[PDB]
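Here is the structure we will look at, set down as structure tokens.
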Amino acid sequence: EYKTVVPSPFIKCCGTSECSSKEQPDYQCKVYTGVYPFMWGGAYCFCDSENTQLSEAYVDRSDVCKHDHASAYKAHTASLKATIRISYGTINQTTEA
Amino acid sequence: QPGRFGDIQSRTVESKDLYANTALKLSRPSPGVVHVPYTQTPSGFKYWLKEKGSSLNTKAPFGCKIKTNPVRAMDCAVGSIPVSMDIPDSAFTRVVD
Amino acid sequence: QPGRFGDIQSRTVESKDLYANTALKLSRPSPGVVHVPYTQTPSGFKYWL
Amino acid sequence: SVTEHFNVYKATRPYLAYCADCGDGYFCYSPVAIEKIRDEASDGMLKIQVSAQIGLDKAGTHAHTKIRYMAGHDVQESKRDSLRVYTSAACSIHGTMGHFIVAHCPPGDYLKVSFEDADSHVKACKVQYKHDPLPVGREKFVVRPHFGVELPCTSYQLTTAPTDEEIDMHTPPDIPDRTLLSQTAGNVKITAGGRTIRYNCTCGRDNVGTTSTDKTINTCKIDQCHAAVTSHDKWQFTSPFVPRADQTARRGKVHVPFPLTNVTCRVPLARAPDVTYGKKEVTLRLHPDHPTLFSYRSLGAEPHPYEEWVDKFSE
Amino acid sequence: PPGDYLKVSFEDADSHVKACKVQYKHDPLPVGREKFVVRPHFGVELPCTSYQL
Amino acid sequence: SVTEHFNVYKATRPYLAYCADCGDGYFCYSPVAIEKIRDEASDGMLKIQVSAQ
């Protein structure tokens, strides 16, 4: 399973905040102009329209992937080991070959 | 491919490099709301886990019993095994006996 | 037969004898528990109904 | 001992994030906002993360019986006895530590976490979540049996010890509160009551307003004026529902408690089929209590696998 | 929530629970094109009707 | 009379019994192990036997 890493939005009040590339898998980043977000106590920014939210997200391997993962294998050239019981007279014995 | 087994792939459990193709796309935040909204195709591994069906242990021919660690097919009732037998004279009894 | 109609049979309501063929089998108490664990085919009358 | 595990939270605060459905059909800024539901235990235990912190005093000392949560700018505290988790019916909560809950839930298509405010008002958050865990065995059994088989599974271990799983802590953003401003004969009183305020007033001084009140000796009024609490002494989770203060690296971490561990789960054993033998026929009468996988194969060179989840009494 | 019955109940002055239950199939149709279960953080504001409080 | 109907229990004790699920998903020694649920009533009433009295 993948983990999707989504930081807090970098809301730049009264300004702008250009995005930049990163090497992380499936990484997406976009800057959205003209945001005017609210928090519980009021508007987050003074400027009514000169704000930009930088949204960033990328994919990472899940925190349990060490423990819950499936292995894709190529499988070929099988070797056969057999356990045989040999007996005759006094001898009666089991050997792997 | 997204939403199918191996939408993320890693050459080993520990590897630093991850291929990811999950179709992660960001979208613009709703007016006055802080939430970094986004769509992404659900985990192809977590689809596989329910789409699996019963494993090869229930389906292998010749009555094989399949096991892991190591991958092996036990007791496959197929073919025949030549034997070369070098028996010493001390195993037999003489015709006089 | 077990789990079908007539898995237990009585010649009359007041009969003291009873035929029963319910496939009751006991199995070993699990390690550390006092429970009398058993398996039995559910009543063929309550299936019939 | 647990008191040295929980003190990792003493550097941190709960937070008042946006919840899209607060158990009534509408939004509010909720002290219980569900951030992620983790579901990777094969036994079906859910690990739920909430914006509350459970097991902690206002001081951040460990306490069995307290939840701490935001009521505004101030952290408040209330009884753990009120914490309830529901899907289609009430879940059983097996463990709690800070932001995290582990619970066993019945199948359902939403998940609600709730507790009671210090004023005994119920506060909650609800999220859509299709909970329908796969069976551990070959039987979609409902309740743990007195007798059966111990199959291997995984479960979240109920230990609070530090773990490799972690969540990034950062300084809170500058929390706006337009009740800090008040008009006084055309002036704007900055009611910096035990806070450090950042303000802007167009006609006023702007920049950081500092602790203690400011008169804003002019006519600017509350329009063209703004204030926010700044320079908080405690970190918050970098959740996507709360702005980030700056792009710098996280000021700290908290570990995700209750590590995933290997366990055995007691699955039932279905009844031995009633069987009769015909000429090249086996007739099985199958009496499942719950959806039970029936399967067979030929032992020849051509198996023709059959596979049927039998939920009805069938031959 | 969806369900087959509607029960209204309240406690008497002596804290005895008093109730009534009726059969009433509550399957509401979706607004729009998805039978969603819970209100999401982001989506569309589709028009509808409901009882003004 | 109800008192002389009940007093047959005066010779008796409740008991603990093994219990596979206490409501949280693990085994229990509760004072209310459910011994049998009897369902012979056609209206669907259940007669439940528990180790509490």
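Starting from 1 in every chain, residues are counted up; chains themselves are A, B, ... following the order of the structure tokens, and ligands are numbered from 1 as listed.
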Pick out the residues sitting within 10 Å of region 77-84 of chain B, and hand them over as a tab-separated table (two decimals) with N, CA and C atoms, in the first residue's frame; count only C-alpha atoms, and ignore anything fewer than 5 positions along from it in its own chain.
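Printed below is out_20.tsv as written:
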```tsv
chain	number	residue	atom	x	y	z
A	82	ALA	N	13.59	-35.03	-2.12
A	82	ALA	CA	12.65	-36.02	-1.64
A	82	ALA	C	13.17	-36.66	-0.36
B	61	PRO	N	-2.22	-28.44	-9.87
B	61	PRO	CA	-2.44	-29.83	-10.30
B	61	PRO	C	-1.74	-30.84	-9.41
B	62	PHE	N	-2.03	-32.12	-9.69
B	62	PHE	CA	-1.36	-33.27	-9.09
B	62	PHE	C	-1.39	-33.27	-7.57
B	63	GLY	N	-2.30	-32.52	-6.97
B	63	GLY	CA	-2.42	-32.56	-5.53
B	63	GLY	C	-1.28	-31.89	-4.79
B	64	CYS	N	-0.49	-31.07	-5.48
B	64	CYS	CA	0.59	-30.35	-4.82
B	64	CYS	C	0.05	-29.53	-3.66
D	299	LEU	N	-7.25	-34.21	-8.26
D	299	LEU	CA	-5.84	-34.51	-8.04
D	299	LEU	C	-5.13	-34.99	-9.29
D	300	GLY	N	-5.77	-34.90	-10.45
D	300	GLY	CA	-5.15	-35.31	-11.69
D	300	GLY	C	-4.26	-34.25	-12.31
D	301	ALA	N	-3.87	-34.52	-13.56
D	301	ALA	CA	-3.09	-33.57	-14.34
D	301	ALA	C	-3.90	-32.33	-14.69
```
Counting only C-alpha atoms, what are the residues of chain E within 8 Å of chain B, and for each of them which pair of atoms is the nearest and at what distance in Å, to one decimal? Sort the table by chain and rising number, as a tab-separated table.
```
residue	atom	partner	partner_atom	distance
E:41	CA	B:35	CA	7.3
E:42	CA	B:30	CA	6.1
E:43	CA	B:30	CA	7.9
```
Given the selection you just returned, output its residues as a file containing N, CA, C and O atoms, formatted as a CSV table (one decimal), in the first residue's frame.
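Generated file (selection-v8.csv):
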```
chain,number,residue,atom,x,y,z
E,41,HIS,N,-15.3,17.4,2.5
E,41,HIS,CA,-14.6,18.7,2.7
E,41,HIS,C,-14.6,19.5,1.4
E,41,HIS,O,-14.9,20.7,1.5
E,42,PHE,N,-14.5,18.8,0.3
E,42,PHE,CA,-14.5,19.5,-1.0
E,42,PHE,C,-15.5,18.8,-2.0
E,42,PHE,O,-15.6,17.6,-1.9
E,43,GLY,N,-16.2,19.6,-2.8
E,43,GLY,CA,-17.2,19.0,-3.7
E,43,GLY,C,-18.0,20.1,-4.4
E,43,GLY,O,-17.5,21.2,-4.5
```
Please list as an MDAnalysis selection string every residue within 10 Å of residue 25 (chain D), counting only C-alpha atoms and excluding residues in the same chain fewer than 2 positions away. (chainID D and resid 20:23 27 126) or (chainID E and resid 38:39)
DSSP strand (DSSP E or B) residues within chain C, listed as a PyMOL selection string: chain C and resi 8-9+19-20+25-26+38-39
I need the residues from that last selection saved to file as a JSON list (two decimals), in the first residue's frame (with N, CA, C and O atoms), if you can.
```
[["chain", "number", "residue", "atom", "x", "y", "z"],
["C", 8, "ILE", "N", -34.50, -36.64, 13.98],
["C", 8, "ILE", "CA", -34.98, -37.38, 15.15],
["C", 8, "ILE", "C", -36.43, -37.77, 14.90],
["C", 8, "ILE", "O", -37.19, -37.01, 14.29],
["C", 9, "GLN", "N", -36.80, -38.97, 15.33],
["C", 9, "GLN", "CA", -38.13, -39.50, 15.07],
["C", 9, "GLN", "C", -38.68, -40.19, 16.31],
["C", 9, "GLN", "O", -37.94, -40.87, 17.03],
["C", 19, "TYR", "N", -35.52, -42.27, 18.16],
["C", 19, "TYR", "CA", -34.45, -42.36, 17.18],
["C", 19, "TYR", "C", -33.82, -40.99, 16.98],
["C", 19, "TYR", "O", -34.53, -39.99, 16.86],
["C", 20, "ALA", "N", -32.49, -40.95, 16.95],
["C", 20, "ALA", "CA", -31.79, -39.71, 16.65],
["C", 20, "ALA", "C", -30.55, -40.00, 15.82],
["C", 20, "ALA", "O", -29.79, -40.92, 16.13],
["C", 25, "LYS", "N", -20.73, -35.14, 17.04],
["C", 25, "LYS", "CA", -19.37, -35.59, 17.33],
["C", 25, "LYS", "C", -18.72, -34.65, 18.33],
["C", 25, "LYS", "O", -18.82, -33.43, 18.19],
["C", 26, "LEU", "N", -18.06, -35.22, 19.33],
["C", 26, "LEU", "CA", -17.23, -34.47, 20.26],
["C", 26, "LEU", "C", -15.88, -34.14, 19.63],
["C", 26, "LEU", "O", -15.43, -34.79, 18.68],
["C", 38, "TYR", "N", -18.05, -29.50, 20.83],
["C", 38, "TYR", "CA", -18.71, -30.53, 19.98],
["C", 38, "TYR", "C", -19.24, -29.93, 18.70],
["C", 38, "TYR", "O", -19.38, -28.70, 18.66],
["C", 39, "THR", "N", -19.50, -30.75, 17.69],
["C", 39, "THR", "CA", -20.09, -30.32, 16.43],
["C", 39, "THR", "C", -21.27, -31.22, 16.08],
["C", 39, "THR", "O", -21.25, -32.43, 16.33]]
```
At a cut-off of 12 Å, using only C-alpha atoms, what residues contact region 90-94 of chain A? Leave out same-chain residues fewer than 2 positions from it and give the result as a PyMOL selection string. (chain A and resi 82-88+96-97) or (chain B and resi 87+90-93)
Dump N, CA, C and O atoms for the selected residues as an mmCIF file, in the first residue's frame?
```cif
data_model
loop_
_atom_site.group_PDB
_atom_site.id
_atom_site.type_symbol
_atom_site.label_atom_id
_atom_site.label_comp_id
_atom_site.auth_asym_id
_atom_site.auth_seq_id
_atom_site.Cartn_x
_atom_site.Cartn_y
_atom_site.Cartn_z
ATOM 1 N N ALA A 82 13.594 -35.026 -2.116
ATOM 2 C CA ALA A 82 12.650 -36.024 -1.636
ATOM 3 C C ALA A 82 13.171 -36.664 -0.359
ATOM 4 O O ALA A 82 14.379 -36.865 -0.204
ATOM 5 N N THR A 83 12.255 -36.986 0.546
ATOM 6 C CA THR A 83 12.561 -37.802 1.713
ATOM 7 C C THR A 83 12.096 -39.229 1.446
ATOM 8 O O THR A 83 10.898 -39.473 1.274
ATOM 9 N N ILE A 84 13.040 -40.164 1.422
ATOM 10 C CA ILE A 84 12.765 -41.564 1.124
ATOM 11 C C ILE A 84 13.037 -42.391 2.371
ATOM 12 O O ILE A 84 14.031 -42.166 3.069
ATOM 13 N N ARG A 85 12.154 -43.344 2.653
ATOM 14 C CA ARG A 85 12.415 -44.374 3.651
ATOM 15 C C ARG A 85 12.901 -45.645 2.966
ATOM 16 O O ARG A 85 12.212 -46.193 2.098
ATOM 17 N N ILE A 86 14.077 -46.111 3.370
ATOM 18 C CA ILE A 86 14.707 -47.308 2.827
ATOM 19 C C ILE A 86 14.637 -48.373 3.909
ATOM 20 O O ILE A 86 15.002 -48.110 5.061
ATOM 21 N N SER A 87 14.178 -49.570 3.553
ATOM 22 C CA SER A 87 14.272 -50.662 4.508
ATOM 23 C C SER A 87 14.512 -51.998 3.823
ATOM 24 O O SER A 87 13.975 -52.262 2.743
ATOM 25 N N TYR A 88 15.322 -52.832 4.476
ATOM 26 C CA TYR A 88 15.666 -54.167 4.009
ATOM 27 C C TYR A 88 16.396 -54.891 5.133
ATOM 28 O O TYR A 88 17.362 -54.362 5.692
ATOM 29 N N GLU A 96 16.905 -37.948 3.527
ATOM 30 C CA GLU A 96 16.658 -36.927 2.517
ATOM 31 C C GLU A 96 17.687 -37.009 1.397
ATOM 32 O O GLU A 96 18.891 -37.098 1.652
ATOM 33 N N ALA A 97 17.209 -36.965 0.156
ATOM 34 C CA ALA A 97 18.067 -36.978 -1.017
ATOM 35 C C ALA A 97 17.567 -35.963 -2.033
ATOM 36 O O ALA A 97 16.358 -35.822 -2.236
ATOM 37 N N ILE B 87 24.304 -52.071 -3.124
ATOM 38 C CA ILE B 87 24.063 -52.840 -1.904
ATOM 39 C C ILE B 87 25.290 -53.700 -1.620
ATOM 40 O O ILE B 87 25.786 -54.367 -2.538
ATOM 41 N N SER B 90 27.177 -57.807 2.631
ATOM 42 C CA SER B 90 26.758 -58.030 4.010
ATOM 43 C C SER B 90 25.268 -57.809 4.230
ATOM 44 O O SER B 90 24.759 -58.178 5.294
ATOM 45 N N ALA B 91 24.561 -57.227 3.263
ATOM 46 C CA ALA B 91 23.114 -57.076 3.373
ATOM 47 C C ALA B 91 22.373 -58.377 3.084
ATOM 48 O O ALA B 91 21.353 -58.664 3.720
ATOM 49 N N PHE B 92 22.868 -59.175 2.143
ATOM 50 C CA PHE B 92 22.171 -60.389 1.754
ATOM 51 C C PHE B 92 22.481 -61.533 2.714
ATOM 52 O O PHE B 92 23.329 -61.431 3.604
ATOM 53 N N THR B 93 21.773 -62.644 2.519
ATOM 54 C CA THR B 93 22.139 -63.926 3.097
ATOM 55 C C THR B 93 22.476 -64.900 1.978
ATOM 56 O O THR B 93 21.853 -64.875 0.912
#
```
Hey, which of C:17, C:24, C:4, C:11 ends up closest to residue 37 (chain C)? Count only C-alpha atoms.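 Closest to residue 37 (chain C) of all the choices is C:24.
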Which residues, written as a list in words, have at least one atom at most 8 Å from residue 6 (chain A), with only C-alpha atoms counted and residues fewer than 5 positions away on the same chain left out?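 Surrounding residues, per the criterion: residues 56, 57 and 58 of chain A; 36 of chain B; 239 and 240 of chain D.
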Contacts of residue 7 (chain B) at 9 Å or less, counting only C-alpha atoms, minus same-chain residues fewer than 5 places along, as a compact mmCIF listing (two decimals) with N, CA and C atoms, in the first residue's frame?
```txt
# COMPACT_ATOMS: atom_id res chain seq x y z
N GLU A 1 0.84 -1.19 0.00
CA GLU A 1 0.00 0.00 0.00
C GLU A 1 0.87 1.25 0.00
N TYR A 2 0.44 2.27 -0.72
CA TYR A 2 1.13 3.55 -0.66
C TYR A 2 0.63 4.41 0.50
N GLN B 1 0.51 0.42 -13.12
CA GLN B 1 -0.58 1.30 -13.51
C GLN B 1 -1.48 1.59 -12.31
N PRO B 2 -2.14 2.75 -12.28
CA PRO B 2 -2.89 3.14 -11.08
C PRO B 2 -4.06 2.20 -10.80
N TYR B 19 9.20 3.51 -7.67
CA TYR B 19 8.30 3.86 -8.76
C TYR B 19 6.89 4.00 -8.21
N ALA B 20 6.24 5.12 -8.51
CA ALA B 20 4.85 5.31 -8.12
C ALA B 20 4.07 5.91 -9.29
N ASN B 21 2.91 5.32 -9.59
CA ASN B 21 2.02 5.81 -10.64
C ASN B 21 0.58 5.66 -10.14
N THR B 22 0.18 6.57 -9.25
CA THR B 22 -1.11 6.48 -8.58
C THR B 22 -2.14 7.47 -9.11
N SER B 43 -5.41 2.42 -3.66
CA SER B 43 -4.25 1.53 -3.70
C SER B 43 -4.55 0.24 -4.45
N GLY B 44 -3.75 -0.05 -5.47
CA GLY B 44 -3.90 -1.28 -6.23
C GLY B 44 -3.58 -2.54 -5.45
N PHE B 45 -2.66 -2.45 -4.48
CA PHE B 45 -2.42 -3.54 -3.54
C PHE B 45 -3.64 -3.84 -2.67
```
Set the distance at 10 Å and use only C-alpha atoms: which residues neighbour residue 34 (chain C) once local chain neighbours fewer than 2 positions away are removed? I'd like the list as an NGL selection string. (:C and (29-32 or 36-37)) or (:D and (146)) or (:F and (17-18))
